[PDB]
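Every number in this text was worked out from the coordinates using simple rules, so none of it is lab data. Note that we place each Cβ from the backbone using ideal geometry, even for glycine, and neighbour counts take in every protein chain shown.
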Amino acid sequence: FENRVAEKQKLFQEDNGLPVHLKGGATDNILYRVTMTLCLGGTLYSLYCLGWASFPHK
Amino acid sequence: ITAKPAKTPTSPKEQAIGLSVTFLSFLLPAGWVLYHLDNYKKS
Amino acid sequence: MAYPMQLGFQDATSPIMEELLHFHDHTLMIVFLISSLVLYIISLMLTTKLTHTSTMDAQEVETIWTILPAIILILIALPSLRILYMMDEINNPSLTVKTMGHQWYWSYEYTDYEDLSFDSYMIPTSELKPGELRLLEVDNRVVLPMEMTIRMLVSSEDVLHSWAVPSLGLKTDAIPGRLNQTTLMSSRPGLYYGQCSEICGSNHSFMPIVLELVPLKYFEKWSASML
Amino acid sequence: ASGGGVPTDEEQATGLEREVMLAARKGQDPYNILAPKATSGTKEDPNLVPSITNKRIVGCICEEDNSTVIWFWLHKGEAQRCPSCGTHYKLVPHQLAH
Amino acid sequence: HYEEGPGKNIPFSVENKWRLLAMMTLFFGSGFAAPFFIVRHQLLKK
Amino acid sequence: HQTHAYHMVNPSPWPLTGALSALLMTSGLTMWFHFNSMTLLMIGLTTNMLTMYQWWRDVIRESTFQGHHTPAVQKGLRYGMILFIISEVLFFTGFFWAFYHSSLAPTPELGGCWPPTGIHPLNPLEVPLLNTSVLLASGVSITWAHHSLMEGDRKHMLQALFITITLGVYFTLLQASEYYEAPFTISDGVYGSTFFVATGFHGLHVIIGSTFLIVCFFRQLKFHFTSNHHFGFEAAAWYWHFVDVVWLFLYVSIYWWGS
Amino acid sequence: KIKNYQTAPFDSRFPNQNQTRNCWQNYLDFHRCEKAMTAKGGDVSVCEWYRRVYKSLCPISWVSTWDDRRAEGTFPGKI
Amino acid sequence: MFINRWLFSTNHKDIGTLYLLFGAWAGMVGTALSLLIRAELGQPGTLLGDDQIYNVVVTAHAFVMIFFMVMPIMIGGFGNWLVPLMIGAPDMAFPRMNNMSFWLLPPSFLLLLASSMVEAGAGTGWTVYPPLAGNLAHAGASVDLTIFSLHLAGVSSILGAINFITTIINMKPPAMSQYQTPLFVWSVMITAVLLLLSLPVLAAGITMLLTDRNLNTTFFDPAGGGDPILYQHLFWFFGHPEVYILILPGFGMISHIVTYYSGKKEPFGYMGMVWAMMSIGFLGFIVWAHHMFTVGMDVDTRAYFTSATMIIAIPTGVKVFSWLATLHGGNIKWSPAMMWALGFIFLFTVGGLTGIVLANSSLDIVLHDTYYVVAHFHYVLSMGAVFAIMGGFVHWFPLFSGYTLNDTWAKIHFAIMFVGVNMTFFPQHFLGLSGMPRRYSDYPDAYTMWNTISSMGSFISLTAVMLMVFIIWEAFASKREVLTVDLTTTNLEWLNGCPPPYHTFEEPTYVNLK
Amino acid sequence: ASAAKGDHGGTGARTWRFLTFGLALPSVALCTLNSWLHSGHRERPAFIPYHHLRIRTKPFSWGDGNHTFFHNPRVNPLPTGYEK
Ligand SMILES: CCCCCCCCCCCCCCCCCC(=O)OCC(COC(=O)CCCCCCCCCCCCCCCCC)OC(=O)CCCCCCCCCCCCCCCCC
Ligand code: HEA
Ligand code: HEA
Ligand SMILES: CCCCC/C=C\C/C=C\C/C=C\C/C=C\CCCC(=O)O[C@H](COC(=O)CCCCCCCCCCCCCCCCC)COP(=O)(O)OCCN
Ligand SMILES: CCCCC/C=C\C/C=C\C/C=C\C/C=C\CCCC(=O)O[C@H](COC(=O)CCCCCCCCCCCCCCCCC)COP(=O)(O)OCCN
Ligand SMILES: CCCCC/C=C/C/C=C\CCCCCCCC(=O)O[C@H](COC(=O)CCCCCCCCCCCCCCC)COP(=O)(O)OCC[N+](C)(C)C
Ligand SMILES: CCCCCC/C=C\CCCCCCCCCC(=O)O[C@H](COC(=O)CCCCCCCCCCCCCCC)COP(=O)(O)OC[C@@H](O)CO
Ligand SMILES: CCCCCC/C=C\CCCCCCCCCC(=O)O[C@H](COC(=O)CCCCCCCCCCCCCCC)COP(=O)(O)OC[C@@H](O)CO
Ligand SMILES: CCCCCC/C=C\CCCCCCCCCC(=O)O[C@H](COC(=O)CCCCCCCCCCCCCCC)COP(=O)(O)OC[C@@H](O)CO
Ligand SMILES: CCCCCCCCCCO[C@@H]1OC(CO)[C@@H](O[C@H]2O[C@@H](CO)[C@@H](O)[C@H](O)[C@@H]2O)[C@@H](O)[C@H]1O
Ligand SMILES: CCCCCCCCCCO[C@H]1O[C@H](CO)[C@@H](O[C@H]2O[C@@H](CO)[C@@H](O)[C@H](O)[C@@H]2O)[C@@H](O)[C@H]1O
Ligand SMILES: C[C@H](CCC(=O)O)[C@H]1CC[C@@H]2[C@H]3[C@H](O)C[C@@H]4C[C@@H](O)CC[C@]4(C)[C@@H]3C[C@@H](O)[C@@]21C
Ligand SMILES: C[C@H](CCC(=O)O)[C@H]1CC[C@H]2[C@@H]3[C@H](O)C[C@@H]4C[C@H](O)CC[C@]4(C)[C@H]3C[C@H](O)[C@]12C
Ligand code: CUA
Ligand SMILES: [Cu+2]
Ligand SMILES: [Mg+2]
Ligand code: NA
Ligand SMILES: [Zn+2]
Ligand SMILES: [Zn+2]
Ligand SMILES: [Zn+2]
Ligand SMILES: [Zn+2]
Ligand SMILES: [Zn+2]
Ligand SMILES: [Zn+2]
């Protein structure tokens, strides 16, 4: 292996006003959307589940 | 502390409205459930 | 039992509860005094135009108000401990009765000689006889010999419960798998009430305790007949 | 039994930590890491309070071992005095980032 | 950069005192109301 | 624009995704325990993994790449880890309290003896002793790794770190086998209770610590660590020691004194 | 014979509010003393003491349960 | 831009604001629950049903008031708002983790509400003692959800504790020693430490309770060698510190408020106050069994706990007198906050004295589990902690909002709440002594009088809480912006104007080492 | 203690490697040797329906609700005894 830290320091300091969690490129975006989607979706689902369990099925 | 006069003065009339609206947001939903309490226990 | 508009403690029936009462009286005096002192002083600080906002020295007066409350706590712990040691005192009982909590009633067991046992339920408000106390009556009272040192063993067969008898100064938790001892001793004959003192479910408010303190003789007859 | 291959701070430090490291090599304190030593706080020898605007908040611990700190904005211009002990403080504006 | 100053440092708007009264009303009311409807809900299962 | 050493963090979504993944996990567990369904649990775990991955990727970015970790910022991160570890300790102390309570006053249902009647302890001089040596060994190999890094020796830091990791894994495997070969189960009363829970949690931390070390390994691989600035490694090491020491307490209390 | 038992007296081996062991002890002591006498040809009249004591202290259900277990062959205590 | 600022924040001020909002909402929920309680006990007989639904209410009342109202406000709110500013820090040490501490509470709350929704709820008491809380007497998800709720609330506060300590240690001006930081900053740190130490234990305990309920462990089940009493130890080990954790930040705010409105530049006996707070925090870790006097423990043990608990009165006595000394010779400003503070000083003393009464294991036998306990804790919580939160709120409102409140309306809110809470809780001293047990949906007829008066006071307090909401709106509706604020020389938090900018102390203060 | 060796003039990387290979690892070698010796499948004891073991207050959330997580047929009996 070779030290490529300098390449990464440059990329991440590249003044494009991007927040560190997206400053890595297009991938960051994708990962974040997946994450956020899952979280919110899962959250809805859970709300669903609380609803279901709130009522008796005798 | 010192402060500048109200930018949007709330006249007594407006306040009465505020106060009332406030108490009602508390008192009504409860008053409702509390009223139909009997209708709930055995239904 | 308690009467309407009661302020203090239910009258002392045992010598131990007579002890707690006298102790609570000197303790409460201090509680009043201090709380009223603070209040007065609060008022004292707030009733003057005179001022002194520059720095005030602390190490000199902190000796005063550390040592003072200090001496006071001791004037509460001393009688508190001697009395605590008292309740533990070895005494040698004449009888031994076990009680076991159950959701939601008390079962009793007098097994020194005979194999006597019985459940004890709260008399519903609907089946109370004229003059009988709501929520406080049971069908089977705990008959016991007045003026005798008795040993009560408490436990439970389900969740936690707690056996209490205010007038005699008693409260022992009913813990499943455990056998808690506590001594009873009434200085008088009569009926003595208590209530389950540990959340135990749906009817925790409804499973009281009544004790019937009669003389030895009647106690014996009752034991026999209860067979 | 030995060798290398591990970057040093000098070679890899970047960003703000590099700046601090560099400025620290020159005996400077741009990012207020050290506690400034007090002058005699007289009219003639005031405490030189650096800054990057026309004012900065000063905290005056009048006497050593005081628990209460006196705070006030130090304005560019005439040297001001601590409302408590009266020691003098003078703002000495801008630069830092060349 | 984020808006700074009175009425700007909050997540709810204070532009219109009436829209606000409504806002606050739904907020504080929804909370106060909740236990009651839960109680209600529990009584209605059996 | 700022004249202090501290770090002003770019607004991030992770705290939320994290708080949310917590909600999904706890729910996911309730769903499983009572309404037999892992679906919720599944997602929860997945988001938790993503949150942690991204949240720490960013912290690496902010330090190795952007250089925001000034000494003041690093000093603060030290207090942070030490404090975290302390709480972790107190957590374990809970389980130790439990075990000690149960074994010092055995109840009639066990037979008023410890171990209870019907319980056949693992030999502390067999695999348990081995695990003990493995973790102690990793403590040494991780210390060699540290002193190698501080002397700028890359090859040896890697060597030492690798071994350290291999040992943690080995412990985990040994423990997995021991869990299986165990004549007692978690359902075998207070013994099986205090046992599998305590050692179960410790095992988990072993996995976490190993994971952490694994991360430090790769970051080392990519040259992120300077011979003087390597807090990520410093922490994994502190954590690892905590794990090492907890095991010492377990071995002595549950496997040795408690058999 | 040397009896005239009112109720189990104070045992210096169990002086605290928890009596669980007291009961348990005496219940074990009896059934042990009982198995020795039934075995070596002697009279169970000697184990009387423990029987009275355990009986006085132990909750019927505990006794009932421990007995059901010595029979089922699943009593955890050593007798 | 809204999301980034409010869902993705990394600003200590914003986060404290979020906490303040959560805390206020939760206060409504908890007040509602408190009324449902006093309604049931309003007149004899049953109103809602048996003890199950009743106790599901009493339990939530506690969880909400404690974990969702008092802690989030005092610590996440006044903490995140005031601490950085009081020490001239740009923000918190881990401003991002600080955001997660916040976002855990809603899910935490959500789980709590969800436990009272499913099955029959968890009518177990806030202490969640087994076996009543076990999977048999309390089968179903209910208790399991309450647990997870605690977990989330737990993780949140633990992380929160770390942040506040790191921050208060590492981020002070280079010249400022720990003995140069404001009392409220001290109190926050100490509190953060108790949290750090106590919470993991509670976590271990409730986790054992969870397994017993879903994994067949028997930590608290006698059948397997367990003991219900163990859970109690584990719980109260955390439980006592927790009460102190609920009052320390209050002590902090009180010291600032009394000093401020006394017209003093500093609180009387600073070092004494630091000593006191640290002593308390300490002793609060070795007195938990005072909550178990009736489970029947050795008399030596019960002798120790009686002794130890009583000692806490000494450091605590110091603080009270210091507060009076701060008032001593001041130019008194009879503002609202001052009124709450003066209120607090007195009332809290009372609830503490009674706390001392309960310390006697002798006397506790008869008072344990009665209403005397309820009187004691409501005097220090619903009067102590609550008064302090009020005072802090009226005082620093200008600073947080930029607007001022109508002082007279505020003095009215004080008078109402004052009468309410006393009428509510003072009579409970009688019920306690006369034997009324806790957690009862109905009671014997002799206890009728006091229970009715109590319920009435609880209504005045309701009137008061509604009014407060109104007063808040009023200040937000009128918009009287802030101009000048006195005593800024010794109240650094106010020095950046009301409200200060998003980014404060970008340029550190200047403090001479000398 | 001081152990039974010496170094200390300077505790650096070479020293710690030395310990790793000349103590730590050999320790683990012996303990592995010993372990993979005293092993061997010990005769599973006679089953006894003890009421304090094999507890079941709620079915396990996996399988048929009656087998522990790391259930080993050879040594873990069910509430009703060993399996086929
Ligand atoms: C709301 C219902 C009131 C019912 C009153 C009594 C009726 C008696 C009939 C008829 C009376 C005569 C016949 C019966 C005698 C029974 C003696 C008994 O068994 O004796 C024991 C009993 C009764 O004790 C008494 O001997 C009653 C004492 C009452 C003290 C009241 C202070 C009240 C202040 C303002 C009003 C109350 C609300 C605000 C309270 C604010 C906190 C105190 O039980 C107690 O221990 C109750 C108190 C528990 C501890 C609270 C301690 C701190 C309280 C106040 C410090 C204030 C200092 C400044 C001075 C006070 C400044 C404000
Ligand atoms: C600090 C928490 C707290 C507070 C403030 C209170 C307040 C109230 N509580 Fe209580 N209560 C508990 C914690 C608290 N309580 C706990 C732990 C228990 C025991 C639980 C158990 O046994 O399991 C208990 C038990 C309990 C009982 C005994 C139940 C029983 O034994 O059956 C009763 C009944 O009288 C009661 C009454 C009240 C009343 C009338 C109030 C009223 O005084 C409330 C009046 C309303 C307020 C004072 C709300 C103000 C705060 C806000 C709304 C924030 C506002 C917004 C901003 C300023 C930002 N509470
Ligand atoms: C705000 C939280 C809070 C605070 C700070 C306190 C403070 C104290 N509490 Fe506690 N207490 C509770 C909340 C609090 N408490 C709660 C919630 C419960 C019920 C829990 C439950 O069951 O759910 C309770 C329960 C409780 C018990 C258990 C009773 C029982 O269940 O039977 C005991 C035991 O001793 C007690 C005592 C004390 C004591 C001695 C103090 C001391 O810290 C008080 C010290 C203060 C002073 C002493 C006043 C000032 C002093 C002077 C002016 C100097 C002079 C003093 C003397 C010389 C006497 N409290
Ligand atoms: C290989 C060594 C490492 C151990 C962990 C690895 C795999 C298990 C999965 C998760 C474990 C994580 C923590 C431990 C939690 C419970 C103890 C589990 C320890 C363990 O794995 O014990 C096993 C029981 O498995 C069981 O029930 C476990 C059932 C699995 C479901 C887990 C239950 C989840 C409950 C977690 C509660 C979370 C609360 C934590 C809060 C933290 C602070 C807020 C023992 O197997 P057994 O057949 O009974 O005896 C073996 C007989 N041959
Ligand atoms: C039977 C029970 C069973 C369970 C047991 C289970 C496990 C056992 C327990 C522990 C073992 C585990 C791991 C140990 C290995 C490493 C830990 C890390 C320590 C370390 O390596 O510390 C270093 C130095 O010492 C420093 O921190 C010193 C500074 C510390 C600061 C943090 C503390 C602040 C918190 C509150 C302060 C306390 C106040 C004391 C006075 C109170 C009086 C009552 C790092 O530097 P730094 O932070 O920049 O400080 C600058 C000061 N030199
Ligand atoms: C269990 C319950 C316990 C009950 C509590 C009992 C309370 C104690 C009662 C009395 C305390 C007596 C303290 C005596 C200090 C003298 C007061 C004084 O006069 O205050 C200053 C002293 O400084 C100083 O100690 C600093 C100022 C005064 C220092 C002490 C003031 C605070 C006292 C407490 C305030 C009331 C709260 C009491 C709490 C219950 C004035 O200074 P000098 O005269 O040098 O300079 C002025 C210039 N000359 C020389 C021209 C006059
Ligand atoms: C620590 C330094 C300060 C020193 C002061 C001493 C305080 C604690 C240490 C002492 C612990 C050992 C004492 C045991 C001796 C008695 C044996 C015994 O038997 O005690 C048992 C419980 O002990 C148990 O688990 C005890 C379990 C532990 C409880 C103590 C809690 C403190 C833990 C938190 C501190 C964090 C430290 C961080 C770790 C690095 C059971 O109770 P008994 O009442 O007997 O029930 C029997 C009845 O049938 C008859 O009455
Ligand atoms: C199957 C496996 C899944 C199990 C779930 C958990 C999984 C893995 C947990 C392992 C932890 C991974 C942590 C990796 C952190 C990487 C980021 C890092 O290490 O960040 C470092 C900072 O430390 C920092 O924030 C320190 C960060 C502290 C993180 C440690 C926390 C442990 C987490 C425990 C969670 C569970 C708690 C217990 C449950 C009861 C970066 O600073 P430096 O290294 O100095 O770099 C700068 C130099 O390059 C300059 O020249
Ligand atoms: C029933 C199941 C319950 C489940 C509950 C689960 C709750 C949450 C799950 C999701 C949380 C995981 C996501 C990763 C969190 C990492 C936090 C971290 O690593 O935080 C660091 C601070 O704490 C430090 O170092 C040192 C501290 C490291 C803390 C790691 C967080 C782990 C969370 C678990 C804690 C458990 C408590 C343990 C005791 C029982 C970084 O501080 P930031 O403000 O980010 O940055 C500051 C910048 O200068 C960095 O460049
Ligand atoms: C503890 C917190 C609660 C404090 C006490 C509540 C204060 C008063 C609330 C008033 O609320 C209501 O009053 C009613 C009675 O006046 C109701 O009307 C009802 O009653 C009727 C008139 O008698 C009917 O016209 C309708 O069907 C109706 O349901 C009812 O809806 C309810 O909103
Ligand atoms: C605080 C940190 C801790 C957070 C919580 C820890 C999470 C632990 C996850 C456990 O999840 C699992 O659950 C299952 C049960 O649904 C399994 O499948 C199993 O269970 C069955 C379903 O009934 C069977 O079909 C199979 O044989 C199989 O073994 C199993 O493999 C495992 O992954
Ligand atoms: C390639 C690298 C040398 C430095 C560089 O990257 O240029 C070498 C040197 C030392 C490292 C190794 C160490 O010698 C330790 C390990 C030993 C091997 O048996 C397997 C892989 C092993 C895990 C390592 C892989 C290897 O690729 C590394 C990473
Ligand atoms: C010595 C220490 C700090 C002094 C300082 O550096 O300013 C001070 C702070 C608080 C003081 C303590 C508090 O005043 C409480 C106690 C008061 C008694 O007057 C003496 C002991 C007593 C326990 C004090 C001893 C000592 O003077 C303390 C501990
Ligand atoms: Cu029995 Cu409550
Ligand atoms: Cu306490
Ligand atoms: Mg109790
Ligand atoms: Na009622
Ligand atoms: Zn000065
Ligand atoms: Zn800026
Ligand atoms: Zn560096
Ligand atoms: Zn290092
Ligand atoms: Zn059987
Ligand atoms: Zn800015």
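What are the residues whose amide H is under 5 Å from the amide H of C:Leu95, where those residues sit 5 or more places off or on another chain and H is modelled from the backbone?
Amide H neighbours of C:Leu95: C:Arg151.
Can you list residues whose amide H is under 5 Å from C:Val142's amide H, if they're 5+ apart or on another chain and H is modeled 1.01 Å from N?
Close amide H contacts, sequence-distant or interchain: C:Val210, C:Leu211, C:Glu212.
Report, to the nearest 10°, how far helix F:154-181 tilts away from the longest principal axis of the Cα atoms in chain F, using its own Cα long axis and a range of 0 to 90°.
Helix F:154-181 sits roughly 20 degrees off the main axis of chain F.
Points 7 angstrom from Cα along the Cβ direction at I:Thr80 and F:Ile207: gap in nanometres?
So the label points at I:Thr80 and F:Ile207 sit 3.2 nm apart.
Quick one: check the C-alpha center-to-center distance for segment H:322-390 versus segment C:192-223, whole angstrom.
37 Å
From the square roots a ≥ b ≥ c of the eigenvalues of the alpha-carbon gyration tensor of chain A, which class results: rounded (a/c under 1.5), prolate (a/b over b/c), or oblate?
Because a/c hits 1.5 or more and a/b exceeds b/c, chain A counts as prolate.
Are there any GluC sites (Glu not before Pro) in segment D:8-98 that are in a DSSP loop and have at most 12 other Cβ atoms within 10 Å? List them by number.
Those that pass, being in a loop and sparsely packed, are D:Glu44, D:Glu63, D:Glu64, D:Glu78.
Order of C:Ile83, H:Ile87 from fewest to most other C-beta atoms within 10 Å?
C:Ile83, H:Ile87
How would G:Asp68, A:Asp28 line up from fewest to most surrounding beta-carbon atoms within 10 angstrom?
Ascending Cβ contact count within 10 Å gives the list G:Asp68, A:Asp28.
Residue by residue through segment H:445-456, which ³J(HN,Hα) values in whole Hz follow from phi under the Karplus form 6.51 cos²θ - 1.76 cosθ + 1.60 (θ = phi - 60°), with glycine and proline marked x?
Taking θ as phi minus 60°, the curve returns 4, 5, 8, 5, 3, 4, 5, 6, 4, 4, 4, 6 Hz for segment H:445-456.
Tell me the relative contact order for chain C as a rounded percent, counting alpha carbon contacts under 8 Å between residues six or more apart.
Relative contact order here is 21 percent.
Give me D for segment H:31-121 in µm² s⁻¹, whole number, from Stokes-Einstein with Rh from the Kirkwood sum over alpha-carbon pairs, 25 °C and 0.890 mPa s.
158 µm²/s
Based on C-alpha coordinates, I'd like the Rg and Dmax of segment C:92-227, in Å.
Cα-based Rg and Dmax for segment C:92-227 come out at 14.1, 42 Å.
Using only the Cα atoms of chain H, what are the Rg and Dmax in Å?
Answer for chain H, Rg first and Dmax second: 22.5, 72 Å.
Sequence-distant or interchain residues sharing an amide H contact under 5 Å with C:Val165, placed H: which?
C:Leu170, C:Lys171
For chain E, what is the convex hull (Cα atoms) projected area averaged across all directions, in square nanometres?
Averaged projected area of chain E's Cα convex hull equals 4.7 nm².
From the phi of every residue in segment A:9-19, what ³J(HN,Hα) in whole Hz does the Karplus formula 6.51 cos²θ - 1.76 cosθ + 1.60 yield, where θ is phi - 60° and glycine or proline is x?
5, 5, 3, 7, 9, 3, 5, 10, x, 7, x
Return an integer: the convex hull volume of the alpha-carbon atoms of segment C:81-145, in Å³ per residue.
That works out to 158 Å³ per residue.
Taking neighbour Cβ counts within 10 Å as the exposure measure, how do C:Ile71, F:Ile186 sort from fewest upward?
In increasing order of surrounding Cβ atoms, one gets C:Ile71, F:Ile186.
Within segment F:77-104, whose backbone N sits under 20 Å from a point 7 Å along Cα→Cβ of F:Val252?
In segment F:77-104, the label zone of F:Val252 (backbone N under 20 Å from the point 7 Å along Cα→Cβ) covers F:86-104.
For segment H:40-50, just list the computed ³J(HN,Hα) in residue order, Karplus coefficients 6.51, -1.76 and 1.60, θ = phi - 60°, integers in Hz, with x standing in for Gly and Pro.
Result, rounded to whole Hz: 3, 8, x, 9, x, x, 9, 10, 8, x, 6.
Name the most mobile residue of F:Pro121, F:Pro11, F:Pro71, meaning the one with the largest mean-square fluctuation, in a Gaussian network model of chain F with Cα contacts below 10 Å.
Highest fluctuation among the options: F:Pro11.
Output needed: percent of Cα pairs per 10 Å distance bin for segment F:69-259, bins running from 0 to the one holding the longest distance.
9, 33, 30, 17, 9, 3, 0
Express the relative contact order of chain H as a whole percentage, based on alpha carbon pairs under 8 Å and six or more residues apart in sequence.
17 percent
Per-residue counts of other Cβ atoms within 10 Å, averaged by peptide: what ranking do you get for H:290-299, H:203-212, E:7-16, highest first?
So the order, starting with the most tightly packed, is H:203-212, H:290-299, E:7-16.
Distance between the C-alpha centers of segment H:3-59 and chain A? Whole Å please.
First find each Cα centre; the distance between them is then 32 Å.
For the pairs D:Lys55/E:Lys8; F:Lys222/H:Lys172; B:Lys13/C:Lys49; C:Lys129/E:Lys45, note any where the Cα-Cα span goes beyond 30 Å.
The pairs that break the limit, which is 30 Å between Cα atoms, are F:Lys222/H:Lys172; B:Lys13/C:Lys49; C:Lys129/E:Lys45.
At q = 0.04 Å⁻¹, what is the log10 ratio I(q)/I(0) for the protein assembly as shown, with the Debye formula run over Cα points and no solvent?
-0.27
Can you give me the Cα centroid spacing of segment C:123-149 and segment D:19-82 in angstrom?
So the separation of the two Cα centres works out to 81 Å.
From the Cα gyration tensor of segment H:135-259, with a ≥ b ≥ c the square roots of its eigenvalues, which class applies: rounded if a/c is under 1.5, or else prolate if a/b is larger than b/c, or else oblate?
Judged from the Cα gyration tensor, segment H:135-259 comes out prolate (a/c at least 1.5, a/b above b/c).
Considering chain C as a Gaussian network with a 10 Å cut-off on Cα pairs, which listed residue, C:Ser54, C:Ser167, C:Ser187, attains the greatest mean-square fluctuation?
C:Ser54
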